[PDB]
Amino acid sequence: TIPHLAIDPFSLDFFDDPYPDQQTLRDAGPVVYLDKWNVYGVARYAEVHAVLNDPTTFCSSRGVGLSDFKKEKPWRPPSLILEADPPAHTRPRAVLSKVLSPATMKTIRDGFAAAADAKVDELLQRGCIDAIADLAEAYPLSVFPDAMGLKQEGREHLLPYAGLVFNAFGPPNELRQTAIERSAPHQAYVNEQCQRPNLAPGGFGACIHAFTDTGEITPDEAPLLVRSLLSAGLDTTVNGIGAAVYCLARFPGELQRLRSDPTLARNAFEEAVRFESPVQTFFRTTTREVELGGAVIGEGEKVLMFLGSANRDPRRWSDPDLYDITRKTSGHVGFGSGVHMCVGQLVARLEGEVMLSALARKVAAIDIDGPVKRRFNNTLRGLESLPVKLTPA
């Protein structure tokens, strides 16, 4: 009843151009079986959304990578938020919600916006730049480590650590094995910075530790919650901002609409998250036998959710393969959905909005003018290099 497919959604050929295979995954049925990895796959919008909103059956506490924590040892201690189900999830989630709250955004917005404006002006003085190294990476590196309260020493480990984290949710392919092997120096740096003495008062990390006084988290939970922000809060934004710039470079008509109304910046960023889906996939594990789209899945099975596919499903989206900065984006699953929906979404949107606002006000054209290179990761979609010429407004 369930179709069996040989598509490897973690192969380099798939990463290089996933769209035909994602349509094959959607059109084969609401649920497929991926023989390459012995997992179920769910690629249409409706079923992806339903699974994400059914946490008592499609759980996170057995891991959201391929590995099942009831069968294998996790490569690092489990995340107290990502890899937990309610009720254990709830209080750690509340702490990160408050640390990354609407009220907190007020305290960082001026500096985040000023840094974005300055970066765009700096890049305009160069003209021809690499929108990854010089923009998508440089901007978050200039604001997020400081907002976390990290010391200066060791920050070179942050992007390597995040790449490792995101590769490690994948299957045990070469990308994963290479990432985990000799990763101890990156782990040691991150784990050290999670300790309270290393985090500047007033930053996100110190604020997490301050919540240990309230009874929401114990002192020994705080370092792992700092670890969550250092795992999930940098490389995601690099790929989100890179996605938005790549969209504006390829759709000049949409750049022109953004220039004419810079208040579209926030939705232009949200649409880039839908369109590229910088976080492509994650897993759940069934806690019981369950029917999904007519297919019966046994207990203890891994289920792979294709967020990028759901975000392009023609059953749900008109003109899904068009980047449209005025699209009604609500309901896209690029930040997930339900109880685990990205707790950092306000930080992500703040960074994306202020960068696109700076581009909207300062740049007249974005032209690809060198070889584009894709970056491969088991979970993240994005570019390694994006040479562009920026023309000033």
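Residues carry their position along the shown sequence, with the first being 1. C-alpha atoms forming the largest set that superposes within 1.5 Å between two forms make up the rigid core.
**Q** Following superposition on the rigid core, is the mean squared CA displacement, expressed as RMS, greater for 208-216 or for 184-192 in 6 other deposited structures of this protein?
**A** Most displaced of the pair in 6 other deposited structures of this protein: 208-216.
**Q** Could you tell me which of the two stretches, 175-183 or 114-122, has its Cα atoms lying farther from the shown structure in 6 other deposited structures of this protein after fitting on the rigid core?
**A** Checking 175-183 against 114-122 in 6 other deposited structures of this protein, I find the farther stretch is 175-183.
**Q** Looking at the deposited entry, does 172-180 or 294-302 carry the larger mean Cα B-factor?
**A** Higher mean C-alpha B-factor in the PDB entry: 294-302.
**Q** Please compare 358-366 with 341-349 and name the stretch with the higher mean C-alpha B-factor in the deposited structure.
**A** Looking at the recorded C-alpha B-factors, 358-366 comes out higher on average.
**Q** Go through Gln193, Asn167, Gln125, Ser231 one by one and give the residue whose Cα B-factor in the PDB entry is largest.
**A** The listed residue with the largest C-alpha B-factor is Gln125.
**Q** For the CA B factor values reported in this entry, which option in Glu289, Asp313, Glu270, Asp146 has the top one?
**A** That would be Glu289.
**Q** By the recorded C-alpha temperature factor, relative to the other modelled residues in its chain, which third is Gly205 in?
**A** Lowest third.
**Q** Please place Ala50 in the lowest, middle or highest third of its chain according to the CA B-factor in the PDB entry.
**A** Within its chain, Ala50 is a highest-third residue by C-alpha B-factor, going by the deposited values.
**Q** Lowest, middle or highest third: where is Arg109 by Cα B-factor in its chain?
**A** Middle third.
**Q** When the deposited Cα B-factors of this chain's modelled residues are ordered and cut into thirds, is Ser60 in the lowest, the middle or the highest one?
**A** Its C-alpha B-factor, which the entry lists for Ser60, ranks in the lowest third among residues of this chain.
**Q** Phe275's Cα B-factor: lowest, middle or highest third of the chain?
**A** Its C-alpha B-factor, which the entry lists for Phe275, ranks in the middle third among residues of this chain.
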